[PDB]
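What follows is a single structure, written as structure tokens, with notes after it.
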Amino acid sequence: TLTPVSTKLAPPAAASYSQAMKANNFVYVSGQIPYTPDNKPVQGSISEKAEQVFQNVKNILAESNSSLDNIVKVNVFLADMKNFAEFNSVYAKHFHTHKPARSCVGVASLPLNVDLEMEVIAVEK
Amino acid sequence: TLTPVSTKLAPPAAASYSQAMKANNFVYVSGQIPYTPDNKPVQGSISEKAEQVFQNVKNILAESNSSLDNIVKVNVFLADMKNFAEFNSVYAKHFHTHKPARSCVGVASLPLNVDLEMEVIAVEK
Amino acid sequence: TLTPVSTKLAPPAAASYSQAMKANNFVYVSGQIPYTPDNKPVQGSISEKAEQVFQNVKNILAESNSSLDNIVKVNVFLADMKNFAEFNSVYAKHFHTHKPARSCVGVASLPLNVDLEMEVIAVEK
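Protein chains in written order, with PDB author numbering: chain A, 20 to 144; chain A', 20 to 144; chain A'', 20 to 144. A prime marks a further copy of an entry chain.
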């Protein structure tokens with residue numbers, strides 16, 4: 020069974036995709052960007068932007084019968100790898116106890132010209 | 020069991036990889052590029068190029084006992100994010116009913132200097 | 020059950036992540052870079068750098084009750100796609116018999132300004 024996930028506490032998915040999709044115990048979360056649930060961009064520091072991305076992921080996971088503690092793998096895409104040090108401070112605050120596998124890469128550009136995008140693969144609770 | 024997949028209706032894999040690999044109900048499809056099954060590049064619009072990538076994915080999925088409707092997650096890599104609007108028109112045509120999770124990023128370069136690469140994770144029918 | 024993996028025969032993970040994480044038969048390996056297990060960068064040819072990345076992945080897999088022969092999907096990120104030909108020679112040497120699915124993309128930058136990063140998804144033996 021493939022089950023799409025929708026929450027009002029993350030920016031809405033466009034017509035062609037879902038915020039997350041569940042398949043046999045796994046939860047695949049779409050790449051989250053620094054936008055509020057009302058679909059407005061977060062302006063400010065990378066730290067503020069990272070915190071929004073984390074809240075977006077967390078809320079989609081909660082709707083997926085999952086949580087940060089059930090994440091298996093995180094992929095981080097940064098528009099500028101110079102921002103990695105700052106991003107990592109926020110990342111470490113969230114993954115203080117649970118330590119999923121991770122990959123981080125510097126990309127040329129991201130949707131809507133944002134500074135970061137983060138996708139996650141998790142398991143159901 | 021890990022089962023490699025081969026179809027003559029997508030560009031052939033090189034010696035070191037498989038077009039797709041199956042593992043416990045999941046199908047992992049290699050990143051598909053805008054090349055025809057005869058291994059020639061598609062020249063033309065991003066729309067034409069995206070349509071070829073979609074046909075490549077669809078045909079590999081069919082050989083994998085899967086289909087577009089069984090996709091869990093799509094990752095789109097674009098050489099230029101300015102092409103995203105055009106790409107999205109084609110994407111939305113295919114994912115008109117089934118809405119997998121998605122991530123899209125702008126990369127510096129792609130194999131054989133192509134404009135787009137798309138990988139997919141699916142489940143068996 | 021989510022089980023983190025640690026080996027002394029790959030560069031140590033930082034505090035916020037694990038070298039690999041196991042979840043229901045799958046092993047998700049963090050993106051490996053050309054650093055030795057003593058956390059020093061490999062200087063030299065792309066071939067030498069690729070060989071180090073391969074040894075890092077192999078050793079994490081071994082600690083994960085897996086191996087190269089149990090890999091389902093490989094994602095290769097290169098800081099310069101001009102290095103792909105050279106990388107591929109090393110890749111083909113390792114995947115001489117087992118042929119997982121693969122995606123390869125050229126990125127803007129990688130952690131610690133390295134030339135390549137490779138992540139892998141595998142199954143347990």
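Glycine included, every Cβ here is placed at the ideal spot set by N, Cα and C.
Option nearest residue i by Cα separation, candidates the options
i                       : options                           : result
residue 96 of chain A   : A':127, A':78 and A':53           : A':127
residue 68 of chain A'' : A'':98, A'':25 and A'':44         : A'':98
residue 44 of chain A   : A'':31, A'':24, A'':59 and A'':20 : A'':20
residue 145 of chain A' : A':39, A':31 and A':117           : For chain A', the structure presents residues 20 to 144; residue 145 of chain A' sits outside this window and is missing.
residue 48 of chain A'' : A:122, A:87 and A:117             : A:122
Contact under 8 Å by Cβ, residue i with residue j
i                       : j                        : result
residue 63 of chain A'  : residue 136 of chain A'  : no
residue 79 of chain A   : residue 106 of chain A   : no
residue 124 of chain A' : residue 76 of chain A'   : no
residue 42 of chain A   : residue 89 of chain A    : no
residue 143 of chain A  : residue 61 of chain A    : no
residue 56 of chain A'  : residue 29 of chain A'   : yes
residue 82 of chain A   : residue 26 of chain A    : yes
residue 92 of chain A'' : residue 119 of chain A'' : yes
residue 103 of chain A  : residue 130 of chain A'' : yes
residue 58 of chain A'' : residue 23 of chain A''  : no
Neighbour list for residue i in chain A, Cβ cutoff strictly below 8 Å
i                       : result
residue 103 of chain A' : 130
Residues that residue i contacts on chain A, provided the C-beta gap is smaller than 7 Å
i                       : result
residue 96 of chain A'' : 124
Contacts of residue i in chain A'' (Cβ-Cβ under 8 Å)
i                      : result
residue 142 of chain A : 21, 42 and 43
Contacts of residue i in chain A'' (Cβ-Cβ under 7 Å)
i                       : result
residue 91 of chain A   : 21, 40, 42 and 47
residue 138 of chain A' : 122
Beta-carbon neighbours of residue i, restricted to chain A and to distances below 9 Å
i                       : result
residue 107 of chain A' : 33 and 35
Where residue i meets chain A'', residues with beta-carbon distance less than 9 Å
i                      : result
residue 50 of chain A' : 94, 120, 121, 122, 123 and 124
Check: residue i C-beta below 7 Å from any heavy atom of the ligand NAP
i                      : result
residue 75 of chain A' : What this structure holds is no ligand at all, so the ligand NAP is not there to describe.
task: Name, going along the chain, the residues of the region 67 to 79 of chain A' whose beta-carbon falls closer than 9 Å to a beta-carbon of chain A.
output: none
- prompt: Which residues, taken in chain order from the region 27 to 43 of chain A'', show a beta carbon closer than 9 Å to some beta carbon of chain A?
  reply: 32, 33, 34, 35, 36, 37, 38, 39, 40, 41, 42 and 43
- prompt: What residues from the region 109 to 135 of chain A come within 7 Å of chain A', judged by C-beta to C-beta, listed N to C?
  reply: 126, 127, 128, 129 and 130
query: Between the region 108 to 125 of chain A'' and the region 25 to 44 of chain A'', are three or more C-beta pairs nearer than 8 Å?
result: no
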